[PDB]
Amino acid sequence: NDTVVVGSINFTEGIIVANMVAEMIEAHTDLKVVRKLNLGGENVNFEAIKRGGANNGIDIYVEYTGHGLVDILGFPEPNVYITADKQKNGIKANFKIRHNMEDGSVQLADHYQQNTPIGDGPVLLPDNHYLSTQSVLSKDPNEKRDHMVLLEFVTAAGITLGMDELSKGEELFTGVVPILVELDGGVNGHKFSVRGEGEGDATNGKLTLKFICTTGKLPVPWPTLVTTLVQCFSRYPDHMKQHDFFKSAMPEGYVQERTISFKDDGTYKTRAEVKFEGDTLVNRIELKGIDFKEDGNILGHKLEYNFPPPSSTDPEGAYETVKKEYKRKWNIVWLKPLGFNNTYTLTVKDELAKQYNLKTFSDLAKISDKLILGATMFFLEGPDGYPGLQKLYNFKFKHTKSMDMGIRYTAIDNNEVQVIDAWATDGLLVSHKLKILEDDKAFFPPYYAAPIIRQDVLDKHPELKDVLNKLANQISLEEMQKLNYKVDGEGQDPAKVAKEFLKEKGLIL
Ligand SMILES: c1cnc2cc3c(cc2n1)[C@@H]1CNC[C@H]3C1
């Protein structure tokens, strides 16, 4: 029982950090340590550590906060990605909601959305951006009716202020606006009505609403109706205020049509008119749900009364969100960060960048048709990589070829490929005369690495927390770059560099 399991993915950095963790545990404790190295897969560690060292899994492994968000929250999907549809003079939007269940499961809700101005006046057709939403569901203790108290914060992002620059409907949201919401719905023949009253502050992006089921008991769980039940109250920062389509349609309003597909269950089809009446912003919705299962998760009320927390783009917020959602669900402890952010970045030959005056990803996308992308498997398959990039940046590459790590640097050196997915810790970025490009639309989450341990393993031997926090903020990105290079440039074995570093900083000896 004295032994423990430490897992790792198969890439240069992960093996090194796993050997570092093992050396720490064997030095500052008298514990036996195993070094498991799982390969391939899709989010493999997560499953291995869900199993544990007893079920031939893992107990401790190093994870990055962005991939953690992808694990627990499915990072790119909860963001409401908005693009412009010039045909219908409006906008289109895509996202997914992950409804928690009692048995740790997740019910998927795929949202496709169209918005079309009701009036015939001019409206703002925006560039690709996204809405980040935080939703808090609660109850009134004194309300005997079936209800939901909802409090929302919506902020727009995905557009940069480049220190180079400076509507009629917006003037209607300067103060606090009353909000009426009326939803007439039918799901599998169940007819119901929901009436919600509240207020909205668009300058802060805050919504405070109370919804009541005026027809008795609601035949569906409340969180499935949260998206359906006022995107004009989103806080748009000044530097992208000319991209708020919703406020520009006011006071005439807009039609919001939505198709919500529940995985392995029925679907909602909703049409709403969001418009001003007197001084009140009203949202009138007709909802028709069909093909639902009577004992399913929706018609069986198998969804918890909560909402997944928002996947933040701020490093501190990202770390804390991932730590909280790992501890709450699946009972997994995030330890202190090692102090280096190994993020994806689209790097080019700096000669090419000088030739085409490429500074940011947006500059790269406008000429992406002439270029070839050589990316790793994890960047072409992971939703936090190229597929998630494309729903914000509109990259149109001529070719995309998955390549083993290290092959991509020697391939961009010989112009077999123009753009590669360089990881910031690869020491090869300086030695190949390359250039990282600015992720101006801020799609990528923070990828600060930190170790991860199970709670029961932390309980059987309680000293592991302190012995693994010896590495907290000890490895800078440039330090890790030198060591990664020692493994990738020179032929040195991974464990040797780990022992050397821990001797150098006075940890292993
Ligand atoms: C799936 C699971 N974990 C990953 C960790 C990393 C990557 C891709 C992954 N894909 C690289 C990008 N950021 C941290 C490293 C390296």
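Each value, and the rule that gives it
Here the residues of each chain are numbered from 1 in the order the sequence is written, which can differ from the numbering of the entry; residues without coordinates are not included. Computation of side-chain values covers all heavy atoms of the structure but excludes hydrogens and water. Near, as used in this document, describes a residue that has one of its heavy atoms within 4 Å of the molecule or strand being considered. Two N or O atoms count as a polar contact when they lie within 3.5 Å, although within protein this holds only if one can serve as hydrogen donor and the other as acceptor, and sequence-adjacent residues are included solely when both atoms are side-chain atoms. Each accessible area is a Shrake-Rupley estimate made with a 1.4 Å probe; only the visible protein chains count as cover when residues are assessed. Numbering of helices and strands runs from the N terminus, with a helix taken as a DSSP run of H or I at least four residues long and a strand as a DSSP run of E at least two residues long. A contact between two residues is defined here by any heavy atoms of the two lying within 4.5 Å. Throughout this description, buried means an accessible area under 20% of the type-specific maximum (1.4 Å probe, protein chains only), exposed means over 50%, and partly exposed covers the range between. Two strands are counted as paired when DSSP detects at least two bridges linking them. Interaxial angle, 0 to 180 degrees, is taken between N-to-C directions of lines fitted to C-alpha atoms, where a helix line uses only the stretch in contact. Expected span of a helix, by definition, is 1.5 Å for each gap between consecutive residues, and there is one gap fewer than residues. The cut-offs work like this: below 35 degrees is roughly parallel, past 145 is roughly antiparallel, 65 to 115 is roughly perpendicular, and the gaps in between are oblique. Each residue gets one of three labels, nonpolar for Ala, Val, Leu, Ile, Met, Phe, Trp, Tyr, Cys and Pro, charged for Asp, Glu, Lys and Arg, and polar for the others, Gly among them. Working definition of a nonpolar core: buried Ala, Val, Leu, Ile, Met, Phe, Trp, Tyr and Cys residues. They are joined through side-chain atoms within 4.5 Å. We call a crossing left-handed when the near helix sits turned anticlockwise from the far one by less than a right angle, and right-handed when that turn is clockwise.

For this deposition, the record names X-ray crystallography as the technique by which the model was determined and cites 3.2000 Å as its resolution.

S.K.: I'd like a description of the site of the ligand, backed by residues and values.
M.R.: In the vicinity of the ligand, the contacting residues are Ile9, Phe11, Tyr64, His67, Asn342, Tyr344, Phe378, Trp423 and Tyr447. Side-chain polar atom of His67 to a nitrogen atom of the ligand: 3.1 Å apart, as the coordinates give it. Residue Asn342 places a main-chain N or O atom 3.1 Å away from a nitrogen atom belonging to the ligand. Relative to its unbound accessible surface of 360 Å², the ligand loses 90% to contact with the protein.

S.K.: Account for the environment of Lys247, naming residues and giving values.
M.R.: By the secondary structure assignment, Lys247 is in helix α4 (residues 245–248). Between the C-alpha atom of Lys247 and that of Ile372, which follows or precedes it by 125 residues, the distance is 40 Å. Beyond its immediate stretch of four places on either side in the chain, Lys247 contacts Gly169, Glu170, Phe173, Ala202, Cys232, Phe233 and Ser234. A polar contact of 3.1 Å, which involves the side chain of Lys247, links it to the backbone oxygen of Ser234.

S.K.: Tell me about the pairing of strand β16 (residues 344–349), and name the residues and values.
M.R.: When you tally the buried positions in β16, you get five out of six residues, the bulk of the element. Bridge analysis of β16 against strand β19 (residues 419–423) gives five bridges, and the strand direction is antiparallel. If you follow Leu346 over to β19, its bridge partner there is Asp421. In terms of strand pairing, β16 meets strand β20 (residues 434–436) through three bridges, oriented antiparallel. If you follow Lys349 over to β20, its bridge partner there is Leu434.

S.K.: Kindly report on the sheet that holds strand β18 (residues 399–402), identifying the contributing residues and their values.
M.R.: Taken together, five strands build an open sheet; the order of strands is β18-β17-β19-β16-β20 and the sheet is mixed. Here the strands that pair on one side only, and so sit at the sheet edges, are β18 and β20. Along the sheet, successive strands turn relative to each other by an average axial angle of 30°, direction set aside.

S.K.: Summarise the pairing of strand β3 (residues 60–64); cite the residues concerned and give the values.
M.R.: Consecutive side chains along a regular strand alternate between the two faces of the sheet. Burial within β3 is extensive, with five of its five residues counted as buried. Residue alternation in β3 divides its side chains into two sets, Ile60, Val62 and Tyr64 and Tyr61 and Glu63, and both sets are buried.

S.K.: Give me the lowdown on the sheet that holds strand β10 (residues 190–201), citing residues and values where you can.
M.R.: An order of β4-β5-β6-β12-β13-β14-β9-β10-β11-β8-β7 is seen for the 11 strands of this closed barrel, with the pairing classed as mixed. Sheet twist, expressed as the mean angle between neighbouring strand axes with direction ignored, is 20°. Pairing analysis gives 10 bridges linking strand β5 (residues 90–100) to strand β6 (residues 106–117), with the strands arranged antiparallel. Of the residues in β6, the one forming a bridge with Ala93 is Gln113.

S.K.: With reference to specific residues and values, describe the side chain of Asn484.
M.R.: Secondary-structure assignment places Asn484 in helix α14 (residues 477–488). Beyond its immediate sequence surroundings of up to four residues, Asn484 is in contact with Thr12, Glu13, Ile16, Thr425 and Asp426.

S.K.: Just give me the short version of unusual backbone geometry, but keep the residues and values in it.
M.R.: Along the chain, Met250 connects to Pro251 via a cis peptide bond; the corresponding omega equals 5°. Mapped onto the fold, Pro251 is located in the loop between α4 and β12 (254–262). The phi torsion at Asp291 lies on the positive side, around 65°, for a residue other than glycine. Topologically, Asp291 is positioned in the loop between β14 (280–290) and α5 (315–328). Assessed through its relative accessible area of 62%, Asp291 is described here as exposed. For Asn394, which is not a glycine, the phi torsion comes out positive at approximately 60°. Here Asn394 is to be found in the loop between α9 (386–393) and β18. Judged by relative accessible area, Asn394 falls into the partly exposed class, the value being 46%.

S.K.: So what about α5? Which residues, and what values?
M.R.: In a regular helix each residue adds 1.5 Å, so 14 residues correspond to 20 Å; α5 covers 20 Å between its end C-alpha atoms and thus fits that length. Buried residues along α5 sit in contact with α2 (44–51), β3, α3 (65–72), β15 (332–334) and β21 (449–454). Backbone geometry just after α5 places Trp330 at a positive phi near 75°.

S.K.: Break down the packing of helix α1 (residues 12–28) against α14 for me, citing the residues and quoting the values.
M.R.: Two elements in contact, α1 and α14, have axes whose closest approach is 10 Å; the angle formed by their N-to-C orientations is 110°. Taken together, the axes of α1 and α14 lie roughly perpendicular to each other. Taken together, the residues of α14 that come into contact with α1 (itself represented by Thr12, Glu13, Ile16 and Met20) are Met480, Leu483, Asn484, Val487 and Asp488. Class assignment of the residues belonging to the contact of α1 with α14 gives a composition of five nonpolar, two polar and two charged.

S.K.: Tell me about the nonpolar core, and name the residues and values.
M.R.: Among the nonpolar cores identified, the biggest contains 84 residues, and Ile25, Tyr326, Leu346, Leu364, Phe379, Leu389 and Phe395 are the most heavily contacted of them. Of all the elements, α1 adds the most residues to this core, at eight residues. Apart from residues lying up to four places away in sequence, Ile25 is in contact with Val6, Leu31, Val33, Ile60, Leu464 and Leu468. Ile97, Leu131, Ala202 and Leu207 belong to the second-largest nonpolar core, a separate cluster that totals 57 residues.

S.K.: Would you mind going over the packing of α3 against α5 in detail, with residue names and values included?
M.R.: Packing of α3 against α5 leaves a shortest axis separation of 9 Å and a crossing angle of 40°. Accordingly, the angle class assigned to the pair α3 and α5 is oblique. Along this stretch, α3 crosses α5, giving a crossing that reads as left-handed. Contacts between α3 and α5 involve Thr65, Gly68, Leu69, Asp71 and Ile72 from the first element and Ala318, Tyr319, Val322, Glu325 and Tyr326 from the second.

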